[PDB]
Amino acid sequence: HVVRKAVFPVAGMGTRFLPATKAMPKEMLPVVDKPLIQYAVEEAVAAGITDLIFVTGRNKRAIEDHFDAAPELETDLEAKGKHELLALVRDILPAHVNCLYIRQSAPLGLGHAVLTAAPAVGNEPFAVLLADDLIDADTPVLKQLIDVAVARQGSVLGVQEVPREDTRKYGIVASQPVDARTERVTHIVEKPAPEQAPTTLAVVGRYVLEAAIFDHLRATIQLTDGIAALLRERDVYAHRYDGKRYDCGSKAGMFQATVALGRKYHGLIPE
């Protein structure tokens, strides 16, 4: 089991952040001075990912230009002696990491975006990271999940408990415990009503998936329904990662991430 490829779906419409997402993916919005997608990419690279796969939509321009070289910007900075800032631009990706881009044909859903990556993944297990789940963790959450996936020989979903009123926001798993932090998944259901949700254990935007998922995404698109079918055929585990998740998919969550991370890592204090 070797997980070296990561898929970043960044092709959604971003309607909760209009007008800012008119011509920019939601994942390119900054938290202070860094786009959401760069936090997630940095986490993946720290977890041993070498092959980055960006699934883009009509707003691909900003994602491409963020991770590709900007020789004109580097020329300027280099000329003005700003070697400090030069690294912020050219060293976003270390040299042992590569990226590629695949355009999702239409915004047909997260499951369809993951399936769109199949030509670059092949028959390899792979990571999926949803950058609007911004996670502050002392050990990269993706690394935590990859270690479980290697040890237990299966797919792994990052999960954490949520208030029962919040189940309508998330995929919710039914499972049976395996150790303190890990459970074997017996069902997953997307955004159930709180009165119907089988548990309050919710999927965060971090996945390690066996390539078997792709055939199920063809016969499904919602990613959660592909996973629920994968269950019937292979092992899927849910892991309670250590870390603080900010749900930046809403204006409110992004705001509280700016406040909390602004304070902790930048000393930004509300007046």
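We call the rigid core whatever largest set of C-alpha positions still superposes within 1.5 Å between the two forms. In case it trips you up, residue 1 is the first one in the sequence shown, and so on.
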Of 64 to 72 and 207 to 215, the one with the larger RMS C-alpha deviation from the shown form in 4 other deposited structures of this protein, core-superposed, is 64 to 72
After superposing on the rigid core, which of 194 to 202 and 106 to 114 has its C-alpha atoms sitting farther from this form in 4 other deposited structures of this protein?
194 to 202
Of the deposited residues between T56 and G57, the number without coordinates is none
Of 6 to 14 and 246 to 254, the stretch with the higher mean C-alpha B-factor in the deposited entry is 246 to 254
Is the mean CA B factor in the deposited entry higher across 112 to 120 or across 158 to 166?
158 to 166
Peak C-alpha temperature factor (PDB record), options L129, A106, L100, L134:
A106
Within this chain's modelled residues, let me know which third the CA B factor of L29 belongs to: lowest, middle or highest.
lowest
Split the chain's modelled residues into thirds by Cα B-factor; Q38 lands in the lowest
Would you check the entry's CA temperature factor for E210 and let me know if it's in the chain's lowest, middle or highest third?
middle
Chain-wide C-alpha B factor ranking for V141, given as lowest, middle or highest third:
middle
Tertile call for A44 (CA temperature factor, within chain, third-based) is the middle
